[PDB]
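For reference, the structure is listed below as structure tokens.
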Amino acid sequence: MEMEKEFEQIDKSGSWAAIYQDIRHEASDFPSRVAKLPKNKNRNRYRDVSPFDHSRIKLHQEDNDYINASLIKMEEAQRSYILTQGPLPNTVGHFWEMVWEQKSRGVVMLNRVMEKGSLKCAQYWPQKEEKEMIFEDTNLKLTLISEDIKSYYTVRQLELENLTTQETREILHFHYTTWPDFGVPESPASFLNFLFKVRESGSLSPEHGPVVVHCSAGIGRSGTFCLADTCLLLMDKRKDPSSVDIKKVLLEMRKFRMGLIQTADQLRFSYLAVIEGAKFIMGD
Ligand SMILES: C[C@H]1CN=C(Nc2ccc(F)cc2)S1
């Protein structure tokens, strides 16, 4: 059923809450035993948000291989994403270790360091050229190279150096800075513009490791980003673009990380983004 029509039918009937609860009821349930080990307590921002054992990212260290991160592998769309929580005080070094080991080109950040008067993430990138960061626990150095600040998002060029081997890589930091403290944006125009800038960079392309995407928990805004990308890619690839069922794509993605899309407002915003984005993907 054409999603634009399904959209007006849910809107006119005001059944967004009822659709959203059907998804929660049908969503996969897999074990998260490694996340709940006592040694990993301070590696988790939220007690109710864990990666599944089958899909979790492992750090390449014999000590403790655990990070709150999941590999979302979309077989038909031919896209992979890593979804992770905002780094914590004692996991900032683990975060950059994962970026290095998985050969990611881009980091996508959908939250501000402070929201609603509380800390949502650590300040994990350097804010000045001449003041670099050193992660002694993972033996990595990080340097700000340049910064381009626009109205709805900032792009930063960073250099990450493996102090063990002295290899260096360029990482792009895509920071969406205007998601509101409560609810969702009114229009998806600036979110879609942001997604096309990430795509244009080659950060989402198969010649690199998967893109690292995060908000505070790594399931809400993070969910919205990868659901919209995958849905628009599938509308490009298939003979019948109207066959693309956004609830089916979400349930497939929820086999890899729990809780993707946190509210009925976020589900509705996901529909709007795809519906609007398709008016470029279908030839405009
Ligand atoms: C000065 C940089 C190099 N090493 C660092 N560690 C750190 C990690 C998290 C945090 F919240 C505060 C500090 S930051």
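Report the full-extension gain for the segment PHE280 to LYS36: residue separation times 0.36 nm, less the Cα-Cα distance, to one decimal in nm. Roughly 83.5 nm would be gained on extension.
The range 172-226 and the range 33-63 have Cα centres spaced 24 Å apart.
For a quick check of your reading of the filter: which trypsin sites (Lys or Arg not before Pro) in the range 236-269 sit in a DSSP loop and have no more than 11 other Cβ atoms within 10 Å?
Details: sites: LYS237, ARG238, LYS239, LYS247, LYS248, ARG254, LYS255, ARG257, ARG268; in loops: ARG238, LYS239, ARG254, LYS255, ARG257.
Sites meeting the loop and neighbour criteria: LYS239.
Do the sum for the chain: with -39,500 (n - 2.57) for every DSSP H run of n ≥ 4, divided by all residues, what is the mean residue ellipticity at 222 nm, to the nearest 500 deg cm²/dmol? It would help to have the intermediate numbers written out before the result.
Working: 8 runs with 91 residues, N = 284.
Here the helix-only value at 222 nm equals -10000 deg cm²/dmol.
Give the residue list of trypsin sites (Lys or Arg not before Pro) in the range 109-217 that are DSSP loop and have at most 13 other beta-carbon atoms within 10 angstrom. Those satisfying the criteria are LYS116, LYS128, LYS131, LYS150.
Relative to the current alpha-carbon distance between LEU119 and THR263, full extension at 0.36 nm per residue lengthens the span by 49.7 nm.
In the chain, a dipole from Cβ-located charges (positive for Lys and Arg, negative for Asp and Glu) runs towards its positive end, and of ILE219, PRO38, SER50 it is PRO38 whose Cα lies farthest in that direction. Charge dipole (Cα centre; +1 on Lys/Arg Cβ, -1 on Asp/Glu Cβ; no other charges) of the chain amounts to roughly 640 debye.
Above 27 Å, the calculated P(r) of the chain contains 39 percent of its Cα-Cα pairs. Gain on full extension, evaluated as 0.36 nm per residue between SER146 and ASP29 minus their Cα-Cα distance, stands at 37.8 nm.
Summing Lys, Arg as +1 and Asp, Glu as -1, what charge do residues with Cβ under 12 Å from the Cβ of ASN111 carry, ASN111 excluded? Before the final figure, lay out the partial values.
Details: positive: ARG45, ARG112, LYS116, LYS120, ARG221; negative: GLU115, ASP181.
Cβ neighbours under 12 Å give a net charge of +3.
The residue list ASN193, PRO87, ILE275 was ranked by how far each Cα lies along the charge dipole of the chain toward its positive end, using unit charges on Cβ atoms, and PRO87 comes out on top. The residues packed around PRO31, meaning those with a beta-carbon under 11 Å from its beta-carbon, carry a net charge of +1 if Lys and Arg are +1 and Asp and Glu are -1.
Could you check what % of the DSSP bridge pairs in the chain are antiparallel, to the nearest 5?
Here the antiparallel bridges make up roughly 75 percent for the chain.
Loop-located GluC sites (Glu not before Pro) in the range 43-146 (DSSP state other than H, G, I, E, B) with a sparse environment of at most 12 neighbouring Cβ atoms within 10 Å: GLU62, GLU75, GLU76, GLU129, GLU130, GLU136.
Ideal geometry is used to build each Cβ from the backbone, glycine not excepted, and the neighbour counts take in all protein chains shown. Each reported figure results from applying straightforward, stated rules to the coordinates on display, with no laboratory input.
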